[PDB]
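**Q** This is start_11.cif (mmCIF, C-alpha atoms and all ligand atoms).
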```
data_query
loop_
_atom_site.group_PDB
_atom_site.id
_atom_site.type_symbol
_atom_site.label_atom_id
_atom_site.label_comp_id
_atom_site.auth_asym_id
_atom_site.auth_seq_id
_atom_site.Cartn_x
_atom_site.Cartn_y
_atom_site.Cartn_z
ATOM 1 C CA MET A 1 59.221 -91.758 31.964
ATOM 2 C CA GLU A 2 55.350 -91.589 32.142
ATOM 3 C CA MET A 3 54.443 -95.276 32.821
ATOM 4 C CA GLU A 4 51.489 -95.228 30.269
ATOM 5 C CA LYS A 5 54.070 -94.585 27.452
ATOM 6 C CA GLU A 6 56.531 -97.133 28.958
ATOM 7 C CA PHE A 7 53.415 -99.461 28.910
ATOM 8 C CA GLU A 8 52.573 -99.072 25.157
ATOM 9 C CA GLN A 9 56.383 -99.255 24.360
ATOM 10 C CA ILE A 10 56.632 -102.688 26.186
ATOM 11 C CA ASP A 11 53.270 -103.941 24.711
ATOM 12 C CA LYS A 12 54.048 -102.872 21.086
ATOM 13 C CA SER A 13 57.391 -104.781 21.512
ATOM 14 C CA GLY A 14 56.122 -107.679 23.724
ATOM 15 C CA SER A 15 58.962 -107.080 26.275
ATOM 16 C CA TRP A 16 56.954 -107.957 29.470
ATOM 17 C CA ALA A 17 59.005 -111.216 29.906
ATOM 18 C CA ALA A 18 62.298 -109.295 29.296
ATOM 19 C CA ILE A 19 61.402 -106.674 32.005
ATOM 20 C CA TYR A 20 60.109 -109.396 34.425
ATOM 21 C CA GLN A 21 63.354 -111.443 34.284
ATOM 22 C CA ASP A 22 65.437 -108.203 34.880
ATOM 23 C CA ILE A 23 63.422 -107.680 38.152
ATOM 24 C CA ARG A 24 64.032 -111.361 39.146
ATOM 25 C CA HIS A 25 67.824 -110.884 38.553
ATOM 26 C CA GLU A 26 68.117 -107.570 40.554
ATOM 27 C CA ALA A 27 65.857 -108.711 43.503
ATOM 28 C CA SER A 28 67.337 -108.911 47.062
ATOM 29 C CA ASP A 29 68.570 -112.266 48.543
ATOM 30 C CA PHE A 30 68.511 -112.317 52.374
ATOM 31 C CA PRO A 31 68.704 -115.366 54.707
ATOM 32 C CA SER A 32 65.499 -117.299 55.709
ATOM 33 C CA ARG A 33 67.186 -119.667 58.274
ATOM 34 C CA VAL A 34 64.234 -119.776 60.773
ATOM 35 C CA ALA A 35 61.766 -120.833 57.919
ATOM 36 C CA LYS A 36 64.066 -123.794 57.007
ATOM 37 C CA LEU A 37 64.453 -125.292 60.603
ATOM 38 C CA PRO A 38 63.082 -128.893 60.607
ATOM 39 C CA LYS A 39 60.602 -128.051 63.451
ATOM 40 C CA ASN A 40 58.858 -125.605 60.965
ATOM 41 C CA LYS A 41 58.322 -127.908 57.934
ATOM 42 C CA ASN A 42 54.521 -128.281 58.552
ATOM 43 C CA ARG A 43 54.233 -124.413 58.993
ATOM 44 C CA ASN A 44 55.143 -123.759 55.302
ATOM 45 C CA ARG A 45 52.780 -124.360 52.358
ATOM 46 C CA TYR A 46 55.526 -124.146 49.642
ATOM 47 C CA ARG A 47 59.209 -125.210 50.103
ATOM 48 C CA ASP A 48 60.368 -122.308 47.801
ATOM 49 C CA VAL A 49 58.350 -119.423 49.510
ATOM 50 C CA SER A 50 59.790 -118.313 52.861
ATOM 51 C CA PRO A 51 59.902 -115.048 54.926
ATOM 52 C CA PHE A 52 63.373 -113.398 55.306
ATOM 53 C CA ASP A 53 64.684 -113.480 58.905
ATOM 54 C CA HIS A 54 65.104 -109.650 59.094
ATOM 55 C CA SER A 55 61.406 -108.868 58.232
ATOM 56 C CA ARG A 56 59.500 -112.003 59.483
ATOM 57 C CA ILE A 57 56.563 -111.559 61.934
ATOM 58 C CA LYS A 58 57.287 -113.175 65.352
ATOM 59 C CA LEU A 59 54.470 -114.830 67.348
ATOM 60 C CA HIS A 60 54.535 -113.718 71.079
ATOM 61 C CA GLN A 61 55.263 -117.191 72.584
ATOM 62 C CA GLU A 62 58.429 -118.895 73.958
ATOM 63 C CA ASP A 63 57.626 -122.383 72.475
ATOM 64 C CA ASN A 64 57.899 -121.555 68.711
ATOM 65 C CA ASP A 65 57.597 -117.950 67.371
ATOM 66 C CA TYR A 66 57.489 -118.935 63.653
ATOM 67 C CA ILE A 67 54.772 -118.046 61.037
ATOM 68 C CA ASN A 68 55.173 -117.726 57.239
ATOM 69 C CA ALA A 69 54.498 -113.888 57.200
ATOM 70 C CA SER A 70 56.547 -110.707 56.407
ATOM 71 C CA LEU A 71 56.286 -106.975 57.395
ATOM 72 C CA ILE A 72 56.487 -104.793 54.228
ATOM 73 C CA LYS A 73 57.279 -101.204 55.563
ATOM 74 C CA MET A 74 57.035 -98.460 52.816
ATOM 75 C CA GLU A 75 58.883 -95.390 54.289
ATOM 76 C CA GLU A 76 58.003 -92.648 51.732
ATOM 77 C CA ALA A 77 54.360 -93.798 51.267
ATOM 78 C CA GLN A 78 53.898 -94.177 55.128
ATOM 79 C CA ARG A 79 52.050 -97.534 54.672
ATOM 80 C CA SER A 80 52.830 -100.983 56.181
ATOM 81 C CA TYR A 81 51.397 -104.417 55.128
ATOM 82 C CA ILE A 82 51.764 -107.947 56.515
ATOM 83 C CA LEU A 83 51.915 -110.455 53.566
ATOM 84 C CA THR A 84 51.287 -114.136 54.550
ATOM 85 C CA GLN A 85 50.438 -117.565 52.950
ATOM 86 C CA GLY A 86 46.896 -118.944 53.090
ATOM 87 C CA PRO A 87 46.640 -120.630 56.522
ATOM 88 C CA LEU A 88 47.243 -124.447 56.769
ATOM 89 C CA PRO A 89 45.221 -126.852 58.944
ATOM 90 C CA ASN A 90 47.897 -126.658 61.672
ATOM 91 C CA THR A 91 48.466 -122.818 61.447
ATOM 92 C CA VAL A 92 44.906 -121.354 61.643
ATOM 93 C CA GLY A 93 45.427 -120.630 65.428
ATOM 94 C CA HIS A 94 48.824 -118.974 64.675
ATOM 95 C CA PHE A 95 47.157 -116.817 61.915
ATOM 96 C CA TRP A 96 44.567 -115.358 64.364
ATOM 97 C CA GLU A 97 47.257 -114.971 67.141
ATOM 98 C CA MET A 98 49.192 -112.762 64.629
ATOM 99 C CA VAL A 99 46.088 -110.613 63.778
ATOM 100 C CA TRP A 100 45.503 -110.160 67.594
ATOM 101 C CA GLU A 101 49.161 -109.388 68.495
ATOM 102 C CA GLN A 102 49.792 -106.969 65.532
ATOM 103 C CA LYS A 103 46.480 -105.006 66.223
ATOM 104 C CA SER A 104 45.291 -105.431 62.628
ATOM 105 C CA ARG A 105 41.722 -104.168 61.755
ATOM 106 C CA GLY A 106 41.469 -105.846 58.292
ATOM 107 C CA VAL A 107 42.258 -109.210 56.591
ATOM 108 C CA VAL A 108 42.400 -109.135 52.721
ATOM 109 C CA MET A 109 41.847 -112.602 51.051
ATOM 110 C CA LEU A 110 42.524 -112.789 47.226
ATOM 111 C CA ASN A 111 41.886 -116.555 46.625
ATOM 112 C CA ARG A 112 39.056 -119.116 46.902
ATOM 113 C CA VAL A 113 39.436 -121.997 49.413
ATOM 114 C CA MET A 114 39.287 -124.417 46.407
ATOM 115 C CA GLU A 115 40.794 -123.450 42.984
ATOM 116 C CA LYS A 116 41.770 -125.771 40.066
ATOM 117 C CA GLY A 117 40.090 -128.656 42.049
ATOM 118 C CA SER A 118 42.688 -128.458 44.958
ATOM 119 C CA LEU A 119 42.667 -126.825 48.401
ATOM 120 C CA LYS A 120 44.527 -123.429 48.366
ATOM 121 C CA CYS A 121 43.909 -122.581 52.082
ATOM 122 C CA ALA A 122 42.064 -123.818 55.198
ATOM 123 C CA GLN A 123 38.434 -122.756 55.944
ATOM 124 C CA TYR A 124 39.765 -120.441 58.708
ATOM 125 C CA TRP A 125 36.623 -118.307 59.477
ATOM 126 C CA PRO A 126 33.037 -119.317 60.508
ATOM 127 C CA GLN A 127 30.326 -119.574 57.799
ATOM 128 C CA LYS A 128 27.274 -119.356 60.189
ATOM 129 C CA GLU A 129 26.557 -116.869 63.034
ATOM 130 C CA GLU A 130 25.515 -119.638 65.490
ATOM 131 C CA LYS A 131 28.600 -121.883 64.796
ATOM 132 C CA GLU A 132 31.614 -119.974 66.193
ATOM 133 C CA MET A 133 35.234 -121.290 66.037
ATOM 134 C CA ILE A 134 37.555 -121.860 69.046
ATOM 135 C CA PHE A 135 41.385 -122.148 68.462
ATOM 136 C CA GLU A 136 42.473 -124.082 71.588
ATOM 137 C CA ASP A 137 46.256 -123.905 70.807
ATOM 138 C CA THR A 138 46.195 -119.984 70.940
ATOM 139 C CA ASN A 139 43.106 -119.381 73.251
ATOM 140 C CA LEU A 140 41.004 -117.346 70.725
ATOM 141 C CA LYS A 141 37.291 -117.373 69.768
ATOM 142 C CA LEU A 142 36.051 -116.113 66.378
ATOM 143 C CA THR A 143 32.339 -115.360 65.569
ATOM 144 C CA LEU A 144 30.671 -114.357 62.292
ATOM 145 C CA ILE A 145 28.706 -111.066 62.980
ATOM 146 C CA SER A 146 27.440 -110.220 59.400
ATOM 147 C CA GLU A 147 28.201 -110.955 55.726
ATOM 148 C CA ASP A 148 27.604 -108.682 52.619
ATOM 149 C CA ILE A 149 27.912 -110.730 49.321
ATOM 150 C CA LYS A 150 28.467 -108.633 46.131
ATOM 151 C CA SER A 151 29.173 -109.741 42.542
ATOM 152 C CA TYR A 152 33.011 -109.420 42.757
ATOM 153 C CA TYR A 153 33.746 -109.525 46.541
ATOM 154 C CA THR A 154 32.260 -110.353 49.980
ATOM 155 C CA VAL A 155 32.807 -108.263 53.172
ATOM 156 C CA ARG A 156 32.405 -109.934 56.581
ATOM 157 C CA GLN A 157 32.283 -108.596 60.200
ATOM 158 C CA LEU A 158 34.119 -110.948 62.673
ATOM 159 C CA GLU A 159 34.433 -110.735 66.508
ATOM 160 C CA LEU A 160 37.827 -111.947 67.762
ATOM 161 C CA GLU A 161 37.959 -112.647 71.536
ATOM 162 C CA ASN A 162 41.180 -113.178 73.496
ATOM 163 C CA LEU A 163 39.796 -115.898 75.868
ATOM 164 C CA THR A 164 42.721 -115.172 78.329
ATOM 165 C CA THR A 165 41.599 -111.494 79.030
ATOM 166 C CA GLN A 166 37.980 -111.511 77.628
ATOM 167 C CA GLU A 167 38.919 -108.501 75.426
ATOM 168 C CA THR A 168 37.079 -108.382 72.013
ATOM 169 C CA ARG A 169 37.703 -106.555 68.628
ATOM 170 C CA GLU A 170 35.865 -105.971 65.271
ATOM 171 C CA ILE A 171 37.883 -107.487 62.307
ATOM 172 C CA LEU A 172 36.838 -106.679 58.656
ATOM 173 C CA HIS A 173 37.298 -109.657 56.244
ATOM 174 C CA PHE A 174 37.630 -108.389 52.636
ATOM 175 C CA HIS A 175 37.273 -111.386 50.267
ATOM 176 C CA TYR A 176 37.959 -110.848 46.518
ATOM 177 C CA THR A 177 36.121 -113.907 45.070
ATOM 178 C CA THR A 178 36.477 -113.505 41.215
ATOM 179 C CA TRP A 179 40.253 -113.694 40.372
ATOM 180 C CA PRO A 180 40.296 -116.335 37.555
ATOM 181 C CA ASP A 181 41.799 -119.838 38.211
ATOM 182 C CA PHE A 182 44.271 -119.133 35.241
ATOM 183 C CA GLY A 183 45.883 -115.794 34.228
ATOM 184 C CA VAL A 184 44.819 -112.266 35.462
ATOM 185 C CA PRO A 185 41.548 -110.255 35.103
ATOM 186 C CA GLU A 186 40.923 -108.712 31.613
ATOM 187 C CA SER A 187 40.054 -105.318 33.240
ATOM 188 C CA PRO A 188 41.407 -103.919 36.560
ATOM 189 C CA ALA A 189 38.064 -102.140 37.255
ATOM 190 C CA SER A 190 36.721 -104.647 39.858
ATOM 191 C CA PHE A 191 40.178 -105.059 41.609
ATOM 192 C CA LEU A 192 40.483 -101.180 41.945
ATOM 193 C CA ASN A 193 36.827 -100.941 43.228
ATOM 194 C CA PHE A 194 37.823 -103.594 45.857
ATOM 195 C CA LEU A 195 41.079 -101.721 46.849
ATOM 196 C CA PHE A 196 38.988 -98.522 47.344
ATOM 197 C CA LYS A 197 36.519 -100.444 49.640
ATOM 198 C CA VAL A 198 39.422 -101.691 51.822
ATOM 199 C CA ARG A 199 40.780 -98.046 51.998
ATOM 200 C CA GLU A 200 37.348 -96.596 52.898
ATOM 201 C CA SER A 201 37.039 -99.061 55.873
ATOM 202 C CA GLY A 202 40.091 -97.600 57.759
ATOM 203 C CA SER A 203 41.920 -100.999 57.548
ATOM 204 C CA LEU A 204 44.995 -99.424 55.777
ATOM 205 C CA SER A 205 45.207 -96.378 58.077
ATOM 206 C CA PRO A 206 47.933 -95.575 60.650
ATOM 207 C CA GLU A 207 45.584 -95.656 63.675
ATOM 208 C CA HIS A 208 45.530 -99.512 63.244
ATOM 209 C CA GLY A 209 48.184 -102.276 63.055
ATOM 210 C CA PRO A 210 49.128 -103.326 59.473
ATOM 211 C CA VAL A 211 46.487 -104.988 57.234
ATOM 212 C CA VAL A 212 47.056 -108.787 56.833
ATOM 213 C CA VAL A 213 47.031 -109.641 53.034
ATOM 214 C CA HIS A 214 47.063 -113.295 51.693
ATOM 215 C CA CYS A 215 46.482 -115.514 48.641
ATOM 216 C CA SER A 216 47.782 -119.128 48.460
ATOM 217 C CA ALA A 217 51.591 -118.385 48.671
ATOM 218 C CA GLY A 218 51.216 -114.690 49.718
ATOM 219 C CA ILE A 219 53.483 -113.299 46.905
ATOM 220 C CA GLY A 220 51.555 -113.135 43.582
ATOM 221 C CA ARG A 221 48.019 -111.653 43.863
ATOM 222 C CA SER A 222 49.088 -110.357 47.368
ATOM 223 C CA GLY A 223 52.071 -108.569 45.699
ATOM 224 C CA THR A 224 49.729 -106.962 43.107
ATOM 225 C CA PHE A 225 47.420 -105.536 45.849
ATOM 226 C CA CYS A 226 50.233 -103.802 47.904
ATOM 227 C CA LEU A 227 52.173 -102.632 44.762
ATOM 228 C CA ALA A 228 49.033 -100.951 43.291
ATOM 229 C CA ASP A 229 48.033 -99.314 46.647
ATOM 230 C CA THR A 230 51.589 -97.886 47.363
ATOM 231 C CA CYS A 231 52.105 -96.582 43.731
ATOM 232 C CA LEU A 232 48.704 -94.711 43.783
ATOM 233 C CA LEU A 233 49.490 -93.199 47.284
ATOM 234 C CA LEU A 234 52.929 -91.959 45.988
ATOM 235 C CA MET A 235 51.245 -90.346 42.882
ATOM 236 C CA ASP A 236 48.962 -88.406 45.331
ATOM 237 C CA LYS A 237 51.831 -87.270 47.643
ATOM 238 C CA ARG A 238 54.555 -86.119 45.115
ATOM 239 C CA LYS A 239 54.774 -82.844 43.104
ATOM 240 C CA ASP A 240 55.371 -84.907 39.885
ATOM 241 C CA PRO A 241 53.095 -88.008 39.639
ATOM 242 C CA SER A 242 55.097 -89.041 36.469
ATOM 243 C CA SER A 243 58.228 -89.668 38.684
ATOM 244 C CA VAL A 244 56.650 -92.849 40.279
ATOM 245 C CA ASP A 245 58.634 -95.852 38.922
ATOM 246 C CA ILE A 246 56.587 -99.086 39.439
ATOM 247 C CA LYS A 247 59.697 -101.330 38.829
ATOM 248 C CA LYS A 248 61.673 -99.422 41.542
ATOM 249 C CA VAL A 249 58.740 -99.639 44.044
ATOM 250 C CA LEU A 250 58.466 -103.453 43.400
ATOM 251 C CA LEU A 251 62.222 -103.920 44.016
ATOM 252 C CA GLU A 252 61.917 -101.898 47.302
ATOM 253 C CA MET A 253 59.027 -104.215 48.378
ATOM 254 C CA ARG A 254 61.178 -107.326 47.423
ATOM 255 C CA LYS A 255 63.688 -106.210 50.130
ATOM 256 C CA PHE A 256 60.969 -107.416 52.651
ATOM 257 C CA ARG A 257 59.465 -110.607 50.999
ATOM 258 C CA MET A 258 60.790 -112.769 48.118
ATOM 259 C CA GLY A 259 58.968 -113.348 44.803
ATOM 260 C CA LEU A 260 56.354 -110.531 44.873
ATOM 261 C CA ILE A 261 54.608 -110.629 41.395
ATOM 262 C CA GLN A 262 54.947 -114.281 40.169
ATOM 263 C CA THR A 263 54.486 -113.839 36.344
ATOM 264 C CA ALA A 264 54.984 -111.281 33.496
ATOM 265 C CA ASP A 265 51.132 -111.201 33.187
ATOM 266 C CA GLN A 266 50.824 -110.137 36.911
ATOM 267 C CA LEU A 267 53.487 -107.373 36.203
ATOM 268 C CA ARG A 268 51.465 -106.073 33.170
ATOM 269 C CA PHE A 269 48.213 -106.251 35.223
ATOM 270 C CA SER A 270 49.867 -104.137 38.044
ATOM 271 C CA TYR A 271 50.853 -101.444 35.431
ATOM 272 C CA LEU A 272 47.262 -101.472 34.031
ATOM 273 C CA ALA A 273 45.740 -101.122 37.546
ATOM 274 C CA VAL A 274 47.963 -98.104 38.489
ATOM 275 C CA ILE A 275 47.402 -96.332 35.094
ATOM 276 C CA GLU A 276 43.568 -96.732 35.319
ATOM 277 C CA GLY A 277 43.474 -95.945 39.077
ATOM 278 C CA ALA A 278 45.468 -92.658 38.575
ATOM 279 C CA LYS A 279 42.509 -91.279 36.466
ATOM 280 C CA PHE A 280 40.710 -90.990 39.914
ATOM 281 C CA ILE A 281 43.772 -89.851 42.056
ATOM 282 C CA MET A 282 44.408 -86.886 39.606
ATOM 283 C CA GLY A 283 40.909 -85.449 40.228
ATOM 284 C CA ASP A 284 38.145 -87.296 38.319
HETATM 285 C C1 LIG A 301 55.175 -114.084 28.856
HETATM 286 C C2 LIG A 301 54.168 -113.412 27.926
HETATM 287 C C3 LIG A 301 54.261 -111.830 27.839
HETATM 288 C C4 LIG A 301 52.736 -111.227 27.905
HETATM 289 O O1 LIG A 301 52.587 -110.488 29.109
HETATM 290 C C5 LIG A 301 52.253 -110.282 26.821
HETATM 291 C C6 LIG A 301 50.882 -109.978 26.816
HETATM 292 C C7 LIG A 301 50.338 -109.115 25.854
HETATM 293 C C8 LIG A 301 51.174 -108.551 24.889
HETATM 294 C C9 LIG A 301 52.531 -108.860 24.905
HETATM 295 C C10 LIG A 301 53.106 -109.730 25.865
HETATM 296 S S1 LIG A 301 54.753 -109.974 25.733
HETATM 297 O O2 LIG A 301 55.013 -110.255 24.367
HETATM 298 O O3 LIG A 301 55.485 -108.913 26.309
HETATM 299 N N1 LIG A 301 55.112 -111.334 26.638
HETATM 300 C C11 LIG A 301 56.364 -112.088 26.318
HETATM 301 C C12 LIG A 301 56.229 -113.185 25.250
HETATM 302 O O4 LIG A 301 55.346 -113.262 24.419
HETATM 303 O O5 LIG A 301 57.223 -114.130 25.315
HETATM 304 C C13 LIG A 301 58.571 -113.724 25.182
HETATM 305 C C1 LIG A 302 34.127 -106.110 69.316
HETATM 306 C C2 LIG A 302 33.198 -106.957 68.429
HETATM 307 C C3 LIG A 302 31.818 -106.345 68.214
HETATM 308 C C4 LIG A 302 30.759 -107.479 67.873
HETATM 309 O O1 LIG A 302 30.426 -108.183 69.049
HETATM 310 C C5 LIG A 302 29.483 -106.848 67.304
HETATM 311 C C6 LIG A 302 28.227 -107.079 67.842
HETATM 312 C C7 LIG A 302 27.114 -106.437 67.299
HETATM 313 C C8 LIG A 302 27.279 -105.544 66.202
HETATM 314 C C9 LIG A 302 28.543 -105.330 65.687
HETATM 315 C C10 LIG A 302 29.657 -105.984 66.223
HETATM 316 S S1 LIG A 302 31.156 -105.661 65.608
HETATM 317 O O2 LIG A 302 31.754 -106.853 65.112
HETATM 318 O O3 LIG A 302 31.250 -104.499 64.806
HETATM 319 N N1 LIG A 302 31.774 -105.294 67.108
HETATM 320 C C11 LIG A 302 32.153 -103.916 67.444
HETATM 321 C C12 LIG A 302 30.945 -102.993 67.549
HETATM 322 O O4 LIG A 302 30.514 -102.269 66.671
HETATM 323 O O5 LIG A 302 30.333 -103.062 68.763
HETATM 324 C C13 LIG A 302 29.034 -103.632 68.844
#
```
Just give me the structure as structure tokens.

**A**
Amino acid sequence: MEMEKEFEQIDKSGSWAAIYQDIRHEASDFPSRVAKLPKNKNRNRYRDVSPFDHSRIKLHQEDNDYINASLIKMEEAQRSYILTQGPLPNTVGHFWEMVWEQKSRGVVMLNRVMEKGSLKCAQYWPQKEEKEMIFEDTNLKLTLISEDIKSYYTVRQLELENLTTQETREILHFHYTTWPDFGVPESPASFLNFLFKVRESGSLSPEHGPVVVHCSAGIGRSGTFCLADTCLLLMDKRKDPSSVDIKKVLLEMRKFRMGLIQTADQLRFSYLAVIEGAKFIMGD
């Protein structure tokens, strides 16, 4: 069923909550035993948001391989994403170890460091060229190369150096700065413009490791970004763009990380973004 008609049918009836709870009920339940080990309590931001064992990213070290991060692998769309929490004071070195080890070319940040008067993630990148950051626990150096500030987002160029081998790489930091403290954006126009800038950079392409995507918990806004990107790619690839079922794609993604899309309002916003984005994909 064409999703734009499904959309008006749910709106006219106010059945967004009904549909959302049906997704919650049908979602996968897999073990997260590594996340719950006592040695990992200060590596988790939220007690109720954990990576499944089968899909978690492992750090390449013998001491403790744990990070709150999941590999979302979309087989038909041929896209992969790493979804992670906003880094904590004691996991900023782990975060950059993961970007290094997974060969990622882009980091996508969908939150502000402070929202609602509380800290939602560590200040994990340098704000001035001449004040670089060293992560002594993982042996990495991170330098700000350039910054481009726009009305709805900021793009940064970072140099990450593996201090062990003196190898360096160019990492693109895509920072969506205008998601409101409460609710979802009224229009998906600036979120879709942002998604298209990440695509244009090569960060989502198969010649690189998976993009790292985060918000505060790494399930709500982060879920909206990967769900919109995969649905639009499937519309481009298939003979019938009307066959793409956003609820079935979201349940496939929930096989790899719990809780993706946190509210009925985020589910409606994801439908709006895909419907408006398709009016480019189909040739405009
Ligand atoms: C949880 C709120 C949700 C909301 O997304 C919405 C927004 C615009 C128009 C309709 C609806 S809704 O009616 O489907 N709805 C359920 C509702 O009101 O409580 C049962
Ligand atoms: C590998 C990191 C490196 C960085 O030291 C730098 C320096 C000057 C201009 C751009 C960049 S960068 O971040 O893009 N980068 C790759 C690049 O283009 O080579 C210059």

**Q** Check which residues satisfy the PyMOL selection byres (((chain A and resi 75-79) around 9) and not hetatm) in the file shown, then give them as number ranges by chain.

**A** A: 72-74, 80-81, 204-206, 210, 230-231, 233-234, 237

**Q** For the provided coordinates, the residues matched by the PyMOL selection byres (((chain A and resi 48) around 10) and not hetatm) should be stated as a PyMOL selection string.

**A** chain A and resi 44-47+49-50+217+258-259

**Q** Of the candidates A:232, A:172, A:267, A:219, which shows the shortest atom-to-atom distance to ligand LIG 302 (chain A), using all atoms listed in the file?

**A**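 Counting all atoms listed in the file, the residue closest to ligand LIG 302 (chain A) is A:172.
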
**Q** Kindly work out which residues sit at most 6 Å from ligand LIG 301 (chain A), using only C-alpha atoms and all ligand atoms, and give the list as number ranges by chain.

**A** A: 11, 14-17, 264-265

**Q** Report as a tab-separated table the residues of chain A within 6 Å of ligand LIG 302 (chain A), each with its shortest atom pair and distance in Å (one decimal), using only C-alpha atoms and all ligand atoms, ordered by chain and increasing residue number.

**A**
```
residue	atom	partner	partner_atom	distance
A:145	CA	A:LIG302	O2	5.6
A:157	CA	A:LIG302	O2	5.2
A:158	CA	A:LIG302	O2	5.3
A:159	CA	A:LIG302	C2	4.4
A:168	CA	A:LIG302	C1	4.6
A:169	CA	A:LIG302	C1	3.7
A:170	CA	A:LIG302	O2	4.2
```

**Q** Those same residues, written as a PDB file, keeping the file's coordinate frame with C-alpha atoms?

**A**
```pdb
ATOM      1  CA  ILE A 145      28.706-111.066  62.980  1.00  0.00           C
ATOM      2  CA  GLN A 157      32.283-108.596  60.200  1.00  0.00           C
ATOM      3  CA  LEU A 158      34.119-110.948  62.673  1.00  0.00           C
ATOM      4  CA  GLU A 159      34.433-110.735  66.508  1.00  0.00           C
ATOM      5  CA  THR A 168      37.079-108.382  72.013  1.00  0.00           C
ATOM      6  CA  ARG A 169      37.703-106.555  68.628  1.00  0.00           C
ATOM      7  CA  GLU A 170      35.865-105.971  65.271  1.00  0.00           C
TER       8      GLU A 170
END
```
